[PDB]
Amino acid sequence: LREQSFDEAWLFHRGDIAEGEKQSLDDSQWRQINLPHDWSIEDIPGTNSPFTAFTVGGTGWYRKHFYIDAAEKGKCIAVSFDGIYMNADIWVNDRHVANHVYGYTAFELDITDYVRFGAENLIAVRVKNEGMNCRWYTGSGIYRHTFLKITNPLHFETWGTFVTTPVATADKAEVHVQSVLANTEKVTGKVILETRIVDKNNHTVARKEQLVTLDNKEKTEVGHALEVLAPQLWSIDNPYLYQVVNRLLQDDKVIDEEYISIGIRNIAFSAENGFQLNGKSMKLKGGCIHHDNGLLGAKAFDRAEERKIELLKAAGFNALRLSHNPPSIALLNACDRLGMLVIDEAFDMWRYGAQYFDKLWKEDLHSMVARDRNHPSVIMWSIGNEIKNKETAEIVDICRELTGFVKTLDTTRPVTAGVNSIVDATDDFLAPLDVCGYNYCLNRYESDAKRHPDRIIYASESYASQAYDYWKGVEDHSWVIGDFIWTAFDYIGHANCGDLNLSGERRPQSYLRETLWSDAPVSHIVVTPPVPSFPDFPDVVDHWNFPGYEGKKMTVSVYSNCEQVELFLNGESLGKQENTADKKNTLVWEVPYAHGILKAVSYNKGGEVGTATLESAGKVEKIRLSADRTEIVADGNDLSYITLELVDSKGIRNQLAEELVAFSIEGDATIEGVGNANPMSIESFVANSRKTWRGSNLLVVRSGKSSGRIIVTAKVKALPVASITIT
């Protein structure tokens, strides 16, 4: 096996410890874990909360005993980490291998000279997360996948194969494959580079052979182009993937082999036609996301990342900005497969705290671009966010250095950055960029276009409370190619400004945004609560349960893209209104509260086009459980997300209900996390109990290794026990 998950059967110790790296150390009582892991989402030891009176990093240690076959003697051995947060040191059999500082970039260690073949080996990792971490939650530990790579001395260099499509039309595509052969021993020879392109059913659609004489130098560059007839072009609506299969052959034997998933698509950016995908002009319907997965902390489980992309796709996003660091591989793979465009971002700030930027930026920028440049979802490289002193010549020169560095590795996508507080004197900082991200700067879209008719703009951050005006600024200007809400998904560090909350549910600002984006009729009813929800988008809720306020006027709002909307309470008309431009898709009624049914009837062209309702919940009568997937893979890493709701006799969630739920599990599986969407909660995420908030909470089950059924049970005072079966 050329590449194998290394995630299973690690040992973990929280805190520093003497001789943490030594084979002689007694690690028999260390915690047994399977990666990915994040110790900062676990309770701070000696308390029952991961938050202090706001999370804790510090030092922790990981250890793993692993067998390497005697038959692998002579081959190259490597361990790769897609991310460790942060400042990690690695030893193999007591010997220091490497230090790695940046917590968001992947790296690979050659451990060939440290291992013993035919026997048990030890790897140890010390992790030190000593930063302040106050704008967003980072996590601590080995929070992404790890792999063990075994190759012949002559092999494809990791990330050295770059696949491009310089011609990509409905009739044909040209696929260029450029590779770097790691020729360890500088061995001369004539190898065969065989390239095959397979469609989604693994059918060969192109195949090309090249005889390569090995240059004496330690690396030999090789490349050739292949043609694909009648290609299925990758797009948002049709995210068709091919695979490139590269083999090195010697004497009719396979010396190495690699697989690269690709999408064949043309991307083009201009002030005059904006962003074009496969020649079709379109706006980026975007949002920013941070890397945590809420109740899972930083743990980048494949299913967590894939679910996040699915939920954002279902809400209507077609583009994400990965603020402000490279994501996991699994997230980019999900974007490729589900059809989501990506701005991949290397850094937050450059020098303004940090300490390591000047020595390490090249290694970490290389890591992002070399790792990610084959993903068809990636459309732009962001080199930084809200850089301080960006008008000073010294900072402009840094922007230029980084921009050129990206281009040593990829010229097929624009370089960009997210830029706040733009003035005329920001021109020199923006000039090296191909496309300019404006953070909250709608007021300059036209004036800057007058001054620089070739400048291309998108809102790299916009405010939810200004959604309508910011999106009108996209619609009216060909050179403004889209807009990225801060944020598409709530994150820890909590923020409470997400279109989707920490549990993945759509919030009221998502409804409003849907009225900007949807090609279909849309209306959603929300209500201003009479006392503020918390001690930025308006405070509105999506329920009609206001006991004690009978007869008092509630502000009911309807977000709509329709021409007219009529609101009714319990069948009685409260008046029909015109959705004129000044209302910014938000119609308002004052409604004396009465339990029952709010109904909004929408009209286009004088004709009813839809009905929306919001109905008061009765008293809670049962727990309802639902799993997003009731069948999961018994590999110890797949997840099921189980949403719990407290509901009345008709199945309506009662959003006044805030009760403690005791969870338990039978079968070969674990409770990996519990959570709710309360942004002020300091409850534990890694416990077996959790309160509901607005009638709901969330549980994640992680599969075990054996097959069989898994029963999750939930218990709440006064209610029948509820349970759900996963297989």
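We number the residues from 1 along the sequence you see.
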| property | result |
| --- | --- |
| Count class of deposited residues lacking coordinates, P535 to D536 | 10 or more |
| Extent of unmodelled deposited sequence, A354 relative to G353 | 4 to 9 |
| Which of 670-678 and 32-40 has higher mean CA B factor, as the PDB entry lists it | 32-40 |
| Of 207-215 and 194-202, the stretch whose C-alpha atoms average the higher B-factor in the entry | 207-215 |
| Selection from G274, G286, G606, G596 [criterion: highest C-alpha temperature factor in the record] | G606 |
| Top Cα B factor in the deposited entry, candidates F66, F663, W693, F685 | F66 |
| For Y549, the third of its chain into which the C-alpha B factor falls | middle |
| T105 - which third its CA temperature factor falls in, relative to the rest of the chain | lowest |
| Third of chain Cα B-factors occupied by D628 | lowest |
| Entry-reported Cα temperature factor of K472, expressed as the chain third it lands in | lowest |
| Cα B factor band for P166 (lowest, middle or highest third within the chain) | highest |
